[PDB]
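*Asks:* Please find structure_36.cif (mmCIF, C-alpha atoms and all ligand atoms) on the next line:
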```cif
data_structure
#
loop_
_atom_site.label_atom_id
_atom_site.label_comp_id
_atom_site.auth_asym_id
_atom_site.auth_seq_id
_atom_site.Cartn_x
_atom_site.Cartn_y
_atom_site.Cartn_z
CA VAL F 4 0.00 0.00 0.00
CA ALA F 5 1.07 3.56 -0.76
CA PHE F 6 1.81 6.52 1.48
CA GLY F 7 -1.18 8.83 1.79
CA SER F 8 -3.78 6.23 0.77
CA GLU F 9 -7.33 7.32 1.64
CA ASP F 10 -7.89 4.17 3.71
CA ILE F 11 -4.33 3.41 4.81
CA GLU F 12 -5.49 2.72 8.41
CA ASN F 13 -7.70 -0.17 7.22
CA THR F 14 -4.78 -1.79 5.48
CA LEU F 15 -2.36 -1.40 8.37
CA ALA F 16 -4.92 -2.44 10.99
CA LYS F 17 -4.64 -6.02 9.76
CA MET F 18 -0.80 -6.13 9.67
CA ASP F 19 1.55 -7.70 12.24
CA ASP F 20 4.75 -5.79 13.12
CA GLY F 21 6.52 -8.07 10.68
CA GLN F 22 4.48 -6.76 7.80
CA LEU F 23 4.93 -3.18 9.07
CA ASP F 24 8.65 -3.56 8.42
CA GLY F 25 7.87 -4.27 4.80
CA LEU F 26 6.14 -0.95 4.10
CA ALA F 27 7.71 1.46 1.62
CA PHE F 28 7.34 4.33 4.10
CA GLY F 29 8.10 4.91 7.77
CA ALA F 30 5.30 4.01 10.19
CA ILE F 31 5.11 4.89 13.88
CA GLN F 32 2.09 3.95 16.04
CA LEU F 33 1.55 6.10 19.15
CA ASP F 34 -0.95 6.08 21.98
CA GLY F 35 -2.88 9.21 22.95
CA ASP F 36 0.00 10.77 24.90
CA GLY F 37 2.63 10.12 22.25
CA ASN F 38 4.20 6.95 23.66
CA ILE F 39 5.64 4.72 20.94
CA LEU F 40 3.82 1.41 20.38
CA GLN F 41 5.43 0.40 17.07
CA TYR F 42 8.35 1.74 15.02
CA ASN F 43 8.95 0.02 11.66
CA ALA F 44 12.12 -0.74 9.69
CA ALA F 45 11.54 1.96 7.08
CA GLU F 46 11.46 4.72 9.72
CA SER F 47 14.63 3.46 11.40
CA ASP F 48 16.40 3.58 8.01
CA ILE F 49 15.52 7.28 7.81
CA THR F 50 16.33 8.22 11.41
CA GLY F 51 18.96 5.80 12.64
CA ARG F 52 16.81 4.86 15.63
CA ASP F 53 16.86 1.33 17.06
CA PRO F 54 13.23 0.20 17.47
CA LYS F 55 14.28 -1.81 20.53
CA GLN F 56 15.46 1.42 22.11
CA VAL F 57 12.58 3.74 21.21
CA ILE F 58 9.47 1.59 21.63
CA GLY F 59 7.94 2.55 24.98
CA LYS F 60 9.50 6.03 25.04
CA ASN F 61 7.61 9.24 24.31
CA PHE F 62 8.00 10.49 20.72
CA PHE F 63 7.52 14.20 21.43
CA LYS F 64 9.50 14.38 24.67
CA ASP F 65 12.44 12.00 24.21
CA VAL F 66 12.77 10.69 20.65
CA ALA F 67 11.78 13.52 18.31
CA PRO F 68 12.10 16.87 20.15
CA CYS F 69 12.05 18.82 16.89
CA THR F 70 8.40 17.69 16.44
CA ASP F 71 7.48 19.22 19.82
CA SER F 72 5.85 22.27 18.21
CA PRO F 73 2.33 23.60 17.61
CA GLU F 74 2.34 22.47 13.99
CA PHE F 75 3.23 18.81 14.68
CA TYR F 76 2.75 17.80 18.34
CA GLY F 77 0.07 20.48 18.69
CA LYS F 78 -1.82 19.10 15.67
CA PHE F 79 -1.42 15.59 17.07
CA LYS F 80 -3.08 16.43 20.39
CA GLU F 81 -5.88 18.28 18.60
CA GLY F 82 -6.57 15.16 16.57
CA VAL F 83 -6.46 12.88 19.60
CA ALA F 84 -8.95 15.22 21.28
CA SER F 85 -11.33 15.65 18.33
CA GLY F 86 -11.29 11.97 17.46
CA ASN F 87 -10.51 12.84 13.86
CA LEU F 88 -6.74 12.89 13.34
CA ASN F 89 -5.97 13.06 9.62
CA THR F 90 -3.58 15.57 8.16
CA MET F 91 -0.53 15.62 5.89
CA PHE F 92 2.26 18.23 5.90
CA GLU F 93 5.98 18.67 5.26
CA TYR F 94 8.60 18.81 8.03
CA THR F 95 12.35 18.60 8.69
CA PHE F 96 13.86 16.00 11.01
CA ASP F 97 17.18 17.14 12.46
CA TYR F 98 17.80 15.79 15.99
CA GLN F 99 20.81 13.47 16.10
CA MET F 100 20.58 12.94 12.34
CA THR F 101 21.51 14.83 9.18
CA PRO F 102 18.78 17.40 8.43
CA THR F 103 16.20 15.45 6.41
CA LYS F 104 13.11 16.86 4.71
CA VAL F 105 10.07 14.59 4.93
CA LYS F 106 6.35 14.52 4.23
CA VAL F 107 4.28 13.42 7.24
CA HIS F 108 0.79 11.89 7.38
CA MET F 109 -0.85 11.56 10.78
CA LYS F 110 -3.99 9.39 10.93
CA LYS F 111 -6.08 7.82 13.68
CA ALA F 112 -5.86 4.01 13.84
CA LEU F 113 -9.04 1.89 13.74
CA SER F 114 -8.77 0.88 17.39
CA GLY F 115 -9.56 4.52 18.12
CA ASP F 116 -7.08 4.57 20.99
CA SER F 117 -3.85 4.49 18.97
CA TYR F 118 -2.58 6.83 16.24
CA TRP F 119 -0.33 6.64 13.21
CA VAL F 120 2.51 8.88 12.11
CA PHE F 121 3.67 8.03 8.59
CA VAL F 122 6.86 9.40 7.08
CA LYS F 123 8.57 9.52 3.66
CA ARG F 124 11.54 11.46 2.29
CA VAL F 125 10.98 14.39 -0.06
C1 LIG F 201 13.14 15.94 15.27
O1 LIG F 201 13.91 16.06 16.22
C2 LIG F 201 12.70 14.60 14.81
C3 LIG F 201 13.28 13.50 15.24
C4 LIG F 201 12.75 12.16 14.84
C5 LIG F 201 11.60 12.04 13.98
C6 LIG F 201 11.10 10.78 13.65
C7 LIG F 201 11.72 9.61 14.16
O2 LIG F 201 11.26 8.49 13.86
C8 LIG F 201 12.84 9.70 15.00
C9 LIG F 201 13.36 10.98 15.35
#
```
If you convert what's in this file into structure tokens, what do you get?
*Replies:*
Amino acid sequence: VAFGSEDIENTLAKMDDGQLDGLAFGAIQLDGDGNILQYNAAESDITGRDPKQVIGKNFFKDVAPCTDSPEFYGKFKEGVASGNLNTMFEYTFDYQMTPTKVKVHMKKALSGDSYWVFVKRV
């Protein structure tokens, strides 16, 4: 399945973490407060993060401080609150990694209590 698909959450809902590693784009699943539930192979190839070492940590506080801003983290909380997280925008990842421009797609998961952050290079 492709990045930005209109029903991407349906497709990923039925995938085990083994299949998540096969996606063409980065995929991070977070709970309502931003804690990392899943972190696929594609994302680690972009950021250099070891899934083993980031799963369980908080994305906005510990792992990705540059995303702790109104336009990323702020948008995330608004979507968690409204129950309708679904937005795509461009961003630059630069903490402990070479500055990398990406396109981000945040979307609520089907469980309704977990959320997706999808990433691809631009
Ligand atoms: C900005 O500091 C972003 C850091 C970051 C983004 C996404 C990741 O998967 C890991 C680190």
*Asks:* What does the list of residues within 10 Å of ligand LIG 201 (chain F) look like if you count all atoms listed in the file, written as a VMD selection string?
*Replies:* chain F and resid 29 to 31 39 42 to 43 45 to 54 57 62 to 71 94 to 100 102 to 103 105 107 120 to 122
*Asks:* Measuring atom to atom with all atoms listed in the file, identify which of F:55, F:60, F:80, F:17 is nearest to residue F:111.
*Replies:*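 The answer is F:80, which sits nearest to residue F:111.
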*Asks:* Between F:109, F:33, F:44, F:5, which has the minimum distance to residue F:20 (counting all atoms listed in the file)?
*Replies:*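 For residue F:20, the nearest of the candidates is F:44.
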*Asks:* Hey, which of F:117, F:101, F:41, F:13 ends up closest to residue F:86? Count all atoms listed in the file.
*Replies:*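 Using all atoms listed in the file, the shortest distance to residue F:86 belongs to F:117.
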*Asks:* Quick one, how far is atom CA of residue F:110 from atom CA of residue F:88?
*Replies:*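 For atom CA of residue F:110 relative to atom CA of residue F:88, the distance reads 5.1 Å.
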*Asks:* Out of F:28, F:4, F:113, F:38, which residue has the shortest atom-to-atom distance to residue F:87 when counting only C-alpha atoms?
*Replies:*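 Closest to residue F:87 of all the choices is F:113.
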*Asks:* Box for stretch 89-92 of chain F: with edges along x, y and z, all listed atoms inside and 3 Å added on each side, what are the centre and edge lengths in Å to one decimal, as lines of an AutoDock Vina configuration file?
*Replies:*
```
center_x = -1.9
center_y = 15.6
center_z = 7.8
size_x = 14.2
size_y = 11.2
size_z = 9.7
```
*Asks:* Would you compute the distance between atom CA of residue F:90 and atom CA of residue F:75? Give it in Å to one decimal.
*Replies:*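 Computing the Euclidean distance for atom CA of residue F:90 and atom CA of residue F:75 yields 10.0 Å.
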*Asks:* Could you give me, as an NGL selection string, the residues within 9 Å of residue F:15, counting all atoms listed in the file and dropping anything in the same chain fewer than 4 positions from it?
*Replies:* :F and (4 or 11 or 19 or 22-23 or 112)
*Asks:* For N, CA, C and O atoms, please extract stretch 7-28 of chain F from the block and return it as a short mmCIF file (atom, residue, chain, number, x, y, z; two decimals), in the first residue's frame.
*Replies:*
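Listing of out_36.cif after writing:
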```cif
data_model
loop_
_atom_site.label_atom_id
_atom_site.label_comp_id
_atom_site.auth_asym_id
_atom_site.auth_seq_id
_atom_site.Cartn_x
_atom_site.Cartn_y
_atom_site.Cartn_z
N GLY F 7 -0.11 7.90 2.06
CA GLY F 7 -1.18 8.83 1.79
C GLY F 7 -2.48 8.21 1.31
O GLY F 7 -3.42 8.95 1.02
N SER F 8 -2.55 6.89 1.21
CA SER F 8 -3.78 6.23 0.77
C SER F 8 -4.98 6.66 1.62
O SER F 8 -4.86 6.79 2.84
N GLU F 9 -6.12 6.86 0.98
CA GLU F 9 -7.33 7.32 1.64
C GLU F 9 -7.82 6.40 2.77
O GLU F 9 -8.49 6.85 3.70
N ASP F 10 -7.46 5.13 2.70
CA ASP F 10 -7.89 4.17 3.71
C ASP F 10 -6.69 3.40 4.26
O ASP F 10 -6.81 2.24 4.62
N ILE F 11 -5.54 4.06 4.32
CA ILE F 11 -4.33 3.41 4.81
C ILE F 11 -4.52 2.72 6.18
O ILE F 11 -3.98 1.64 6.41
N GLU F 12 -5.31 3.32 7.08
CA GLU F 12 -5.49 2.72 8.41
C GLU F 12 -6.17 1.35 8.37
O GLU F 12 -5.93 0.52 9.24
N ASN F 13 -7.02 1.12 7.37
CA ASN F 13 -7.70 -0.17 7.22
C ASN F 13 -6.68 -1.23 6.88
O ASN F 13 -6.68 -2.33 7.43
N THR F 14 -5.81 -0.88 5.94
CA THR F 14 -4.78 -1.79 5.48
C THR F 14 -3.79 -2.14 6.59
O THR F 14 -3.45 -3.30 6.77
N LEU F 15 -3.33 -1.13 7.32
CA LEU F 15 -2.36 -1.40 8.37
C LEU F 15 -2.96 -2.03 9.62
O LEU F 15 -2.26 -2.66 10.40
N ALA F 16 -4.27 -1.85 9.82
CA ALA F 16 -4.92 -2.44 10.99
C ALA F 16 -4.75 -3.96 11.00
O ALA F 16 -4.59 -4.57 12.06
N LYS F 17 -4.78 -4.58 9.83
CA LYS F 17 -4.64 -6.02 9.76
C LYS F 17 -3.22 -6.58 9.63
O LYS F 17 -3.04 -7.78 9.42
N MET F 18 -2.21 -5.73 9.78
CA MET F 18 -0.80 -6.13 9.67
C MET F 18 -0.06 -6.40 10.99
O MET F 18 -0.24 -5.66 11.96
N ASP F 19 0.76 -7.44 11.04
CA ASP F 19 1.55 -7.70 12.24
C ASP F 19 2.80 -6.82 12.06
O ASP F 19 3.08 -6.37 10.95
N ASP F 20 3.54 -6.62 13.15
CA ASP F 20 4.75 -5.79 13.12
C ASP F 20 5.81 -6.32 12.15
O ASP F 20 6.85 -5.69 11.95
N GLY F 21 5.57 -7.50 11.60
CA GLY F 21 6.52 -8.07 10.68
C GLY F 21 6.22 -7.49 9.33
O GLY F 21 7.13 -7.19 8.54
N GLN F 22 4.93 -7.31 9.06
CA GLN F 22 4.48 -6.76 7.80
C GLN F 22 4.71 -5.24 7.81
O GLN F 22 4.89 -4.65 6.75
N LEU F 23 4.69 -4.62 8.99
CA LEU F 23 4.93 -3.18 9.07
C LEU F 23 6.34 -2.87 8.59
O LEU F 23 6.58 -1.81 7.99
N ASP F 24 7.27 -3.78 8.84
CA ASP F 24 8.65 -3.56 8.42
C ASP F 24 8.81 -3.65 6.92
O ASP F 24 9.85 -3.28 6.39
N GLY F 25 7.79 -4.15 6.24
CA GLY F 25 7.87 -4.27 4.80
C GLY F 25 7.29 -3.09 4.04
O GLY F 25 7.35 -3.05 2.82
N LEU F 26 6.73 -2.11 4.75
CA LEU F 26 6.14 -0.95 4.10
C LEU F 26 7.21 -0.11 3.42
O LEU F 26 8.38 -0.12 3.81
N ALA F 27 6.80 0.62 2.39
CA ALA F 27 7.71 1.46 1.62
C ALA F 27 7.99 2.79 2.32
O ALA F 27 8.89 3.53 1.94
N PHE F 28 7.20 3.08 3.35
CA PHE F 28 7.34 4.33 4.10
C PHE F 28 7.47 4.06 5.60
O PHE F 28 7.14 2.97 6.07
#
```
